[PDB]
Structure formats: C-alpha cells, structure tokens
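Chemist: Before I ask anything, here is the structure I am working with.
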Amino acid sequence: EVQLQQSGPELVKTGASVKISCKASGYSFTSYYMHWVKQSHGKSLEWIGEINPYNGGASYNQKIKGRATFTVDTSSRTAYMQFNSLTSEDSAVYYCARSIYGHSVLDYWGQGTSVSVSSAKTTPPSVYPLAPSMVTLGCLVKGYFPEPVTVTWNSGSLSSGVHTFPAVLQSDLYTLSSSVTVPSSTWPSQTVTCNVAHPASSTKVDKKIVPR
Amino acid sequence: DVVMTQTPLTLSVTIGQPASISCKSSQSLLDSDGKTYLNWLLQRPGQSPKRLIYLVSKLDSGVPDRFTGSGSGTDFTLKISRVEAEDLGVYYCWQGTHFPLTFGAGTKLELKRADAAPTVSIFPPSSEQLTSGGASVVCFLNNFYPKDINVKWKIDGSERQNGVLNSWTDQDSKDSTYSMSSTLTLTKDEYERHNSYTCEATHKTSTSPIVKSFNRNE
C-alpha cells in the first residue's frame, strides 16, 4: 500500500517560514516524483512544484516567486517543502502527491498539512457542556486560535449520532460546537463525555455532560 | 497558465441517476508525444484527494466502472452512469500537458433525498461559562433536508437579531441530511436580565415553525 504521511498543522508568524514534511512508504522512493499542491479555503487547488527524489532536482510554479524550496532525504524517504516569507494569502492546506512516472500523472495524495499564517497568539478553547426516544447533548468549544480542534465523544465509543459543526471566525477567534444524540434511556444513566483536543495549544479537555 | 473551466459547478443528484461534468481547457491538451494529460480527481469529505481518471479515459484501479471519462483537445466530460451515495464530494479536472499543472475550480456533487424536518434542541449557558462571566445560548437544527432553513431567536417574546452566529454542516454521507447550529452570545449580565429564550426553525416541511424554549425561572 502506498502511504504518504504528512506532518501536523502549523501556525506561522506573518513574514516567517514553515517547513513541512511528507514521509513516503510502500514503494521505491527515488522512482517517482513528488509534487506539492496548495488548497485554499478547502476549495481551489494550485500546483507549487515537483521534485525528483533521485537527483534532488526541483521545478517550481513561477507564481510562487522563488519562495518555496523542495528537498528530500532518501534514507528516511521524506520530501520536505520550506516556504518562506509567508503572508495571510498563504494560509491553506498543503498536500504532497506522488506521480507516475513522474511530473505528469499524480496518483496518490497525502492527507494535507494545514498552515495558518497570522500575527495572533495561540489561544486554547474554553469547552462548555451543553445539557438540556432520543436526547441531544453537546459540547461548545469557544474562543480558540488557530484551527484545528478535534472533538470525539466517549473517546470514540459514541460515533453514530455525532455531528460537529464547522468553526466560525469572529474577531480573530474560532468557535464550534458538536452534537451527539443518544437514547433517553441511556443518558443520564450512562456517562457521556466530549473530548476536545487543540494541537496548537497542546490542550485536551474532557467534559462530562451532567444534567443541569 | 492553462485555464480549466468546469460546468456545472454544482450537481444535485437522485441516487441511481446518471450525472455528467464538462471540462474545457483554454488550450488543447494534446501533447507532441501523442498523449492527452487530462485527469479527474475526487475529494470526498473526511478524505484525501483521490485519483479518478487519467489520460482522459483511464480509470484508477480503485474506481468503479460507473465512471467514464471522454473528450479530446479542449473539451472533456466525466460521466457517472448511476450515482451512488459514495459519490458525494468535489470533483476536479486538471491538466498536466502544460507547465504549470493547473486545476479546475471543482464541481460539488450533492445528493437528493426525501424532505426531512429538523430535530431542534436549545441549550442554556453552562454553569462553567456563567462563572467566567459569559453567556452563550445554543440551538441545534439537526438532520433536515433540503438545505434552506431559517432560525429566529426570541428573548422574553422579543425578536433578537444581533450576536447570532450560524454554522452549517456539509451534507452527511450516511443519511444525506444537513444540520445547522445557531449560537446567541450575550454578556452574563444581559443574559440574567431576561427569563425566556426561544429558538424558532422555519423549514419547507411545515407552515408552522418548530419552537424550542427554556425559561430561567424553571
């Protein structure tokens, strides 16, 4: 199985640099080109460039103005992208992708690395319980920066009736909520807990939902 | 750069029905080597982009034969013979004949289903949030179809318009419904000056709205 494992989400000061990585497995690393692709606001895709891991040779989209530099470590099967002089316009998800033979036909993609560029400090979320057939409970995750957060319920043992709403930005902080729906015969008799992680602040909070 | 233009940019499809996307390039994608490097990509929710078709009409090994790619020169088409629930997502055409590689804007495919009324829930501010001096009231409008919905907030019988932030989910892959949250954020002091808080959902499924309320004195 071809695997392309990218590094985690990054917050970058406006004007500073970021270096992101993509660890390949399941094939001969030097036999395929690696490409880097930008996706803004979860929609439009833009090619940044490619690198030949056999000879370390890169080609770049000229619209990048020489701000990107690709490298590889063949011993660890890792491709790197350093991206300099970042502005808010560079906030996006960055993908690596493999091509056959190389350069033309992209065939496998990494999971993406979210890069946020901002002058703002990291702020952990406040996590508040939402307590009021089926009962609907929830978790309010308020006033954090940057994205993302991850929310689970009962550490993954409740999954079927869960919706997590996309975050909304207001005055430079994010807020989101998550909803879970369980049998009335299940809660409050059994424990229901939301687990919220915010990578940027190294925070994880468990909040039990108790009747109010 | 070669401009890739997809049409339509949105699809709304009944499961079992055929669908089609056109892709037109500003310049021929025919190479001097005799090949045409026109590709289709799918990004489903919660997934990485995946290859669908390459070299105009070649199917990726992981893709069912329901998908076909066709076209020549500047004009290309992706067809799905019978759309299945797994097909929900964003479809991109992209070209690798010219430098740089360029992508179309994406066509979002959504599914049709039977109309469903929302399940509405309202939540007062937690004791934790009040202790910190803040007050958010939250309304969920869950698992409804179609997409269009209105939420009205009332406080002590009075319609309230400001401090309201709304968020809508992408269409659910499992049940083809939508959900929406609405959050009214007040100061704790403003919160405590009122008694009743109400969320009202207006959806095509009924002439009367769905009203959920709580009273602080209860």
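Within each chain, counting starts at residue 1; across the structure tokens, chains are named A, B, ... in the order shown, with ligands numbered 1 upward in that order.
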Among chain B, which residues carry a DSSP assignment of strand (DSSP E or B), reported as a PyMOL selection string?

Modeler: chain B and resi 4-7+10-13+19-25+30+36+38-43+50-54+58-59+67-72+75-80+89-95+102-103+107-111+116+119-123+134-145+150-155+158-160+164-168+178-187+196-202+210-215

Chemist: Would you give me, as a PyMOL selection string, the residues of chain A that come within 6 Å of chain B, using only C-alpha atoms?

Modeler: chain A and resi 44+47+61+104+107+111+130+132+165

Chemist: With a distance cut-off of 10 Å and only C-alpha atoms, select the neighbouring residues of residue 65 of chain B, excluding the residue or stretch itself and same-chain residues fewer than 6 positions from it, and output the selection as an MDAnalysis selection string.

Modeler: chainID B and resid 59 80:81

Chemist: What parts of segment 69-166 of chain B does DSSP call alpha helix (DSSP H)? I'd like the answer as a ChimeraX atom specification.

Modeler: /B:127-131

Chemist: Can you write out the residues you just picked, keeping N, CA and C atoms, as a JSON list (two decimals), in the first residue's frame?

Modeler:
[["chain", "number", "residue", "atom", "x", "y", "z"],
["B", 127, "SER", "N", -23.06, 26.34, 33.62],
["B", 127, "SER", "CA", -22.65, 26.99, 34.86],
["B", 127, "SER", "C", -21.18, 27.43, 34.76],
["B", 128, "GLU", "N", -20.39, 26.66, 34.02],
["B", 128, "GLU", "CA", -18.97, 26.98, 33.87],
["B", 128, "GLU", "C", -18.77, 28.29, 33.15],
["B", 129, "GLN", "N", -19.58, 28.53, 32.11],
["B", 129, "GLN", "CA", -19.43, 29.73, 31.29],
["B", 129, "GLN", "C", -19.93, 30.96, 32.05],
["B", 130, "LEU", "N", -21.04, 30.80, 32.78],
["B", 130, "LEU", "CA", -21.58, 31.85, 33.63],
["B", 130, "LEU", "C", -20.60, 32.28, 34.73],
["B", 131, "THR", "N", -19.92, 31.31, 35.35],
["B", 131, "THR", "CA", -18.91, 31.59, 36.38],
["B", 131, "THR", "C", -17.78, 32.47, 35.83]]

Chemist: Can you list, as a ChimeraX atom specification, every protein, DNA or RNA residue that comes within 8 Å of segment 69-72 of chain A when you count only C-alpha atoms, leaving out same-chain residues fewer than 6 positions away?

Modeler: /A:50-51,53,56,58,78-83

Chemist: I need the residues from that last selection saved to file as a compact mmCIF listing (two decimals), in the first residue's frame (with C-alpha atoms), if you can.

Modeler:
# COMPACT_ATOMS: atom_id res chain seq x y z
CA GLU A 50 7.72 18.96 -8.07
CA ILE A 51 10.93 17.28 -7.03
CA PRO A 53 13.96 12.39 -5.38
CA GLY A 56 17.09 16.19 -5.83
CA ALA A 58 13.09 20.62 -8.30
CA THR A 78 10.91 12.03 3.19
CA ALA A 79 10.18 15.02 0.99
CA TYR A 80 10.32 18.49 2.51
CA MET A 81 8.90 21.86 1.49
CA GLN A 82 10.24 25.05 3.02
CA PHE A 83 8.04 28.03 2.26

Chemist: Excluding same-chain residues fewer than 4 positions from segment 173-188 of chain A, what lies within 8 Å of it counting only C-alpha atoms, as a PyMOL selection string?

Modeler: (chain A and resi 133-147+151+153+161-169+192+210-211) or (chain B and resi 140+181)

Chemist: Could you tell me which of A:189, A:85, A:59, A:201 comes closest to residue 126 of chain A if we count only C-alpha atoms?

Modeler: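 So, comparing all the options, the nearest one is A:201.
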
Chemist: Quick one: residues within 8 Å of residue 52 of chain A, only C-alpha atoms, excluding same-chain residues fewer than 4 positions away - as JSON, numbers by chain?

Modeler: {"A": [30, 32, 33, 34, 56, 57, 58, 102]}

Chemist: For the residues in that selection, give me N, CA and C atoms as a PDB file, in the first residue's frame.

Modeler:
ATOM      1  N   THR A  30      12.856   6.756  -4.723  1.00  0.00           N
ATOM      2  CA  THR A  30      13.532   7.528  -5.759  1.00  0.00           C
ATOM      3  C   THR A  30      12.983   7.265  -7.165  1.00  0.00           C
ATOM      4  N   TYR A  32       9.783   7.748  -8.187  1.00  0.00           N
ATOM      5  CA  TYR A  32       8.596   8.565  -8.514  1.00  0.00           C
ATOM      6  C   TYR A  32       8.846   9.999  -8.101  1.00  0.00           C
ATOM      7  N   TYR A  33       8.321  10.942  -8.874  1.00  0.00           N
ATOM      8  CA  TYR A  33       8.387  12.352  -8.492  1.00  0.00           C
ATOM      9  C   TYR A  33       7.432  12.625  -7.339  1.00  0.00           C
ATOM     10  N   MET A  34       7.728  13.667  -6.578  1.00  0.00           N
ATOM     11  CA  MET A  34       6.799  14.146  -5.547  1.00  0.00           C
ATOM     12  C   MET A  34       6.383  15.568  -5.887  1.00  0.00           C
ATOM     13  N   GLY A  56      17.380  15.033  -6.650  1.00  0.00           N
ATOM     14  CA  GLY A  56      17.095  16.194  -5.829  1.00  0.00           C
ATOM     15  C   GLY A  56      16.635  17.404  -6.626  1.00  0.00           C
ATOM     16  N   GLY A  57      16.418  17.213  -7.924  1.00  0.00           N
ATOM     17  CA  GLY A  57      16.076  18.318  -8.826  1.00  0.00           C
ATOM     18  C   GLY A  57      14.623  18.759  -8.696  1.00  0.00           C
ATOM     19  N   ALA A  58      14.433  20.036  -8.438  1.00  0.00           N
ATOM     20  CA  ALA A  58      13.095  20.624  -8.303  1.00  0.00           C
ATOM     21  C   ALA A  58      12.706  21.498  -9.504  1.00  0.00           C
ATOM     22  N   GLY A 102       6.248  10.308 -13.196  1.00  0.00           N
ATOM     23  CA  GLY A 102       6.769  11.485 -12.545  1.00  0.00           C
ATOM     24  C   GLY A 102       6.551  12.739 -13.357  1.00  0.00           C
TER      25      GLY A 102
END

Chemist: When distances are computed from only C-alpha atoms, which of B:29, B:109, B:9, B:4 shows the smallest separation from residue 93 of chain B?

Modeler: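 For residue 93 of chain B, the nearest of the given residues is B:4.
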
Chemist: Would you list the contacts of residue 41 of chain A as a ChimeraX atom specification, taking every protein, DNA or RNA residue within 10 Å and counting only C-alpha atoms, but skipping same-chain residues closer than 6 positions in sequence?

Modeler: /A:91-93

Chemist: Of the candidates A:155, A:95, A:31, A:124, which one gets nearest to residue 45 of chain A if we count only C-alpha atoms?

Modeler: A:95

Chemist: So how far away is atom CA of residue 151 of chain B from atom CA of residue 210 of chain B, in Å?

Modeler: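 These atoms are spaced 9.5 Å apart.
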